[PDB]
Structure formats: C-alpha cells, structure tokens
Amino acid sequence: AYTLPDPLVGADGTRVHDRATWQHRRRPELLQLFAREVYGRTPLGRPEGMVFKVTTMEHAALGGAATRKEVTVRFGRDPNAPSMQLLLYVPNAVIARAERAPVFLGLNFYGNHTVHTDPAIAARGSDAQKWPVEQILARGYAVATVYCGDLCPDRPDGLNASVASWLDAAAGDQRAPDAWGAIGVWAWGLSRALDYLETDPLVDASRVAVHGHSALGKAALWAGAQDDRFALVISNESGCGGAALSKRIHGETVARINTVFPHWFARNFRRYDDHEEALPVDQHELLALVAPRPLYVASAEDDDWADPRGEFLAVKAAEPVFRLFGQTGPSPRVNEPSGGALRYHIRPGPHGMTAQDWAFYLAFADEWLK
Ligand code: NA
Ligand code: NA
C-alpha cells in the first residue's frame, strides 16, 4: 500500500550501479538500518571464552545411518557459564567416503529431542513433521540444530535459559532503544553454531544451509544477512518481519507482532506500529543482504497471517540486487519453484513445514552445495 524504498538508492540519493558499490557502501548502510530500526544491534560476535564440549557421540545412530553428537557450546570458561546444546547428525555414508558433509543448520521450537523420536537425545519426536532427519541424511547432508529457548524464550512469558538470563541481566531494567531482541539473539546463536561446525572435522562449515520456519526463519534471514559465512539461506513462511513486506500491511502487522511478541524486535521497531509508511527499509532489503549467496523464500497458500503475496513481492523487489551479481529470481503457480540463486515457491495448505517444502529445499541445496 506504501511504496518500497529502492535497495539501489543510497541514503543520500546516490544510485548503486554495480556490485562493488553495493558490497562496500550500500550493504553496510542497510545492515545498520535493520540493526537500529528493526532487529536491534548485535553487541558481540564470538565471545573470547567460548568452549566446545562433545558430551555424547554415538556412531550407530538411526540404525547405523548417522553418527550423532551432542555438543555443549559454553560462552565462558567457568563451567557454570551460559551455554547452548547443539545436536548434530552426520550421515555415515559421507563419513565412510572420507568427505566432510554439507550441513542443514536451524533452530527448533520445542527442543532438540523433538526433531526425532531417537530416545537417546538428551514429547520426543513430537515435531517430526517439520524435521525429516532421515531423509536429509539419506540425501547426504548433516543435520545440526539448537533449541531456540536455550538462547531466548519464544513466548514473552517463557522461562529464561542461562544465555537468555545473562542477556536479560545485562539489559538491566530496560533495553536500549536499538538493543537486540529475540530474533537477534537467535541469529547470533546460529552464527555460534557455525563456529562449532568450523572445528568439527565431520562437517564442511563452508557448505552450511541455514534454515528456519516462521519466527526461526526470521532469525535465519537475519543470521544469513549478517554472517556471510553461511553458504545458503532458507526462509520457510517467516512472515512479518521476516520475508513479508511490512508496507503491504497484510495479515500480521508491525503493531500486532510487537504487541504479542514485544521481545522479538528492537524497541525502535515499535515506532512503526500502524506507521509502516515511515519505515526507512522493508524486508526486500533484508533478502538483498544475502546476495549473491543463494536464498530460498517459501510460503503456504492458506497462511494469510504471513502474507504470502508480500513474501513473493519482497523476493521480486530484492531481485535487482541479485541481478547486480548476475543471479536470477522468480519470473507463480502452486508447487512450482521459480528462480535461480533467488528462489521462491508457494505450496497449498496451511502454515507449516512439510515434506514437500523440504523436497524443494533439498533439491535447491543439491544445486548449490553438491
Ligand atoms: Na568442519
Ligand atoms: Na504482514
């Protein structure tokens, strides 16, 4: 309903005509703009006392198909420091051929133990529909995951884990207006998980597909935009403040998300409640920050809350940046992916993450990672 800012027009009106101007001038502008006005600033990268502890390693998980590691990523040296728990499945066929496996990495909503029924994972399997682990493994990809609540609660009435506590305490009684919220913390945790993958000799951290569904897809996008080590970015039905254009004011709006989830974004993002016309950015520019690395955005046909048309139109509005790198986006009809390095599909049915979503993502990763 409101015109989108041009990703190729700088803050001073200069037109960006090449990928070198983009990477060196326009990219840092937009990152700062999304930091200040939407997600909050990421206040640290790698902490100096980060410690990796492999707590379990099972060489014959899932009937022999995968090696399974559970890893404590602790962010201080004191063994009582805050930490997150990474679960990693590696396909044993890939290990057997002395290859480092490409990886699908994403946060989960209900706990590492919910991604598969595997009773050794430290409500089991109750989220299996969104996590076809054996099929990903059979296709030759490792699967790495961390529970989002290790880093920050999902609901505003959630319990704090040690990492959320540490950040909560650091925020005193109130956050600064440009301080990060849950999506920024979630994105940061994905980059710390990638830090671990760099050290694990079973996996190729240069071939990591960072994915997320819904709120954790907001986080995957923000992680991929800030951290260009990620090889490929997948946003499944991330909706408002993820891939959907805020200025379309369709489905969930800025005021609605900030009201129900006041810890997800920066306080500054609340200044755009029922004022999306004033946003100096929109989500097509977040998609653009992933270029030239491959980016997959997908919708569900009945998921009006997420604004599927707004998600597709953000992909289209980001395409000119991808075209600076000679990549192509979508030219769509249901169940027909479209686009080259910048890809979109919309499937029938409700909000969710299905076998067909993953079939499309696996084929995408095959093209770019295998
Ligand atoms: Na590695
Ligand atoms: Na919306």
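Residues numbered from 1 in each chain as written, not as in the entry; some residues may be left out. Chains lettered and ligands numbered in written order. Heavy atoms only, no water.

Listed as the method for this PDB entry is X-ray crystallography; the listed resolution is 1.80 Å.

Undergrad: I'd like a description of helix α6 (residues 182-199), backed by residues and values.
TA: Here α6 contains 18 residues, and its C-alpha end-to-end distance of 26 Å stays within 8% of the 26 Å for a straight helix at 1.5 Å per residue. α6 sits mainly inside the fold: 16 of its 18 residues count as buried. (Helix = DSSP H or I, 4+ residues; strand = E, 2+ residues; numbered from the N terminus. Expected span 1.5 Å × (residues − 1). Buried < 20%, exposed > 50% of the residue type's maximum accessible area, 1.4 Å probe, protein only.)

Undergrad: Can you explain the coordination of the sodium ion (ligand 2)? Please cite residues and give values.
TA: Geometrically, a metal with four donors at the corners of a regular tetrahedron has ideal angles of 109.5 degrees, and one with six donors at the corners of a regular octahedron has ideal angles of 90 or 180 degrees. The protein atoms that coordinate the sodium ion (ligand 2) are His250 (O) and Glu252 (O), at distances spanning 2.3 Å. Residue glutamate 252 is classed as buried on the basis of its relative accessible area, which comes to 10%. (Donors = N, O, S within 2.8 Å, 3.2 Å for Na, K, Ca; no water.)

Undergrad: Could you give an account of the pairing of strand β5 (residues 142-147), naming the residues involved and the relevant values?
TA: Along β5, five of the six residues are buried, which leaves the element largely enclosed by surrounding structure. When strand β3 (residues 83-91) meets β5, the two strands line up antiparallel, connected through four bridges. Bridge pairing links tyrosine 89 to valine 143 in β5. Where strand β4 (residues 101-108) lies against β5, six bridges are found, and the strand directions are parallel. Pairing of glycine 106 across the sheet is with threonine 145, part of β5. (Pairing = 2+ DSSP bridges.)

Undergrad: Please give an account of the nonpolar core that cites residues and values.
TA: Formed by 88 residues in total, the largest nonpolar core has its most connected members in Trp186, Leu197 and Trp222. Here the element with the most residues in this core is α6; it accounts for 11 residues. Once residues within four sequence positions are removed from consideration, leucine 197 is found in contact with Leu88, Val103, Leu105, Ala144, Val203, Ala205 and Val208. (Core = buried A, V, L, I, M, F, W, Y, C linked by side-chain atoms within 4.5 Å. Contact = heavy atoms within 4.5 Å.)

Undergrad: Give a detailed account of the coordination of the sodium ion (ligand 1), specifying residues and quantitative values.
TA: Summarising the metal site, the sodium ion (ligand 1) is bound by the protein donors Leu197 (O), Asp200 (O) and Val203 (O), whose distances to it range over 2.4 to 2.5 Å. Within one chain, the residues serving as donors to the sodium ion (ligand 1) are arranged as L-x2-D-x2-V. Overall, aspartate 200 belongs to the buried group, its relative accessible area being 3%.

Undergrad: Any chance you could break down helix α7 (residues 215-226) for me, citing the residues and the numbers?
TA: Helix length check: α7 (12 residues) gives 17 Å between terminal C-alpha atoms against 16 Å at 1.5 Å per residue, within 8%. Of all the 12 residues making up α7, 11 are buried; the element is thus mostly covered by neighbouring parts of the structure. Of all the positions in α7, only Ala215, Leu216, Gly217, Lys218, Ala219, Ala220, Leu221, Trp222, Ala223, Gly224 and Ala225 are classed as buried.

Undergrad: Talk me through the sheet that holds β5; I want residue IDs and the actual numbers.
TA: Strand pairing within a sheet occurs via backbone hydrogen bonds; the two strands may be parallel or antiparallel. Overall, mixed pairing links the nine strands, which are arranged β1-β2-β3-β5-β4-β6-β7-β8-β9 in an open sheet. The outermost strands of the open sheet, each flanked by one partner alone, are β1 (51-61) and β9 (342-347). The average angle at which neighbouring strand axes cross in this sheet is 20°, direction not considered. Relative to strand β7 (residues 232-236), strand β6 (residues 203-213) runs parallel, the two being bridged by five bridges. In the sheet register, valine 210 faces β7, and the bridge partner there is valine 233. Contacts from helix α11 (residues 355-369) reach β4, β6, β7, β8 (295-300) and β9 within the one sheet, and its direction differs from that of β7 by about 170°. (Axes fitted to C-alpha atoms, helices over the stretch in contact; angles between N-to-C directions.)

Undergrad: Any chance you could break down the pattern of salt bridges for me, citing the residues and the numbers?
TA: Under the defined criterion, the tally for this structure stands at 24 salt bridges. Measuring nitrogen to oxygen at the nearest pair gives 3.7 Å for the salt bridge that ties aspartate 178 to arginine 36. What makes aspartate 178 buried here is its relative accessible area of 18%. For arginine 36, a relative accessible area of 40% gives the class partly exposed. The salt bridge partner of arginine 347 is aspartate 357, with a shortest N-O separation of 2.9 Å. Remark: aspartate 357 occurs in helix α11 and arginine 347 occurs in strand β9; sequence separation between them is 10 residues. On the basis of relative accessibility, which here comes to 0%, the residue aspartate 357 falls in the buried class. (Salt bridge = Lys/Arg side-chain N within 4 Å of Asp/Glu carboxyl O.)

Undergrad: Which residues make up the pairing of β4, and what are the values?
TA: The buried fraction of β4 amounts to eight of the eight residues, a majority that puts the element mostly inside the structure. When β4 meets β6, the two strands line up parallel, connected through four bridges. In the sheet register, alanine 101 faces β6, and the bridge partner there is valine 203.

Undergrad: Pulling in residues and values, what's your account of the packing of α6 against α7?
TA: As a packed pair, α6 and α7 sit with axes 8 Å apart at the nearest point and diverge in direction by 60°. The angle between the axes of α6 and α7 places the two elements in the oblique class. Classified by chirality, the crossing of α7 by α6 is right-handed. On α7, the residues that touch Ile183, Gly184, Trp186, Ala187 and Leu190 of α6 are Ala215, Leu216, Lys218, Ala219, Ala220, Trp222, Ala223 and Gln226. (Parallel < 35°, antiparallel > 145°, perpendicular 65-115°, else oblique. Left-handed = near helix turned anticlockwise from the far one by under 90°.)

Undergrad: An account of the side chain of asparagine 92 is requested, with residue identities and associated values reported.
TA: Mapping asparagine 92 onto the fold places it in helix α2 (residues 92-96). Given a relative accessible area of 16%, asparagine 92 falls into the buried group. Polar contacts involving the side chain of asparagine 92 include one to the main-chain carbonyl oxygen of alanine 66, which spans 3.5 Å. Residues within four places of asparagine 92 in sequence aside, it is in contact with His59, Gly64, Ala65, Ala66 and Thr67. (Polar contact = N/O pair within 3.5 Å; in protein donor to acceptor, adjacent residues only side chain to side chain.)

Undergrad: Residues and numbers for the state of the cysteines, please.
TA: Going through the model one piece at a time under the given rule, you end up with zero disulfides. A disulfide-free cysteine, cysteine 152 has its sulfur positioned 8.3 Å from the sulfur of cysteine 148, the nearest such atom. A residue is classified by how much of its surface remains accessible, and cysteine 152, at 12% relative accessible area, is buried. Left unpaired, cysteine 240 is separated from the closest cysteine sulfur, that of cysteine 152, by 17 Å. Since its relative accessible area comes to 5%, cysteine 240 is described here as buried. (Disulfide = S-S within 2.5 Å.)

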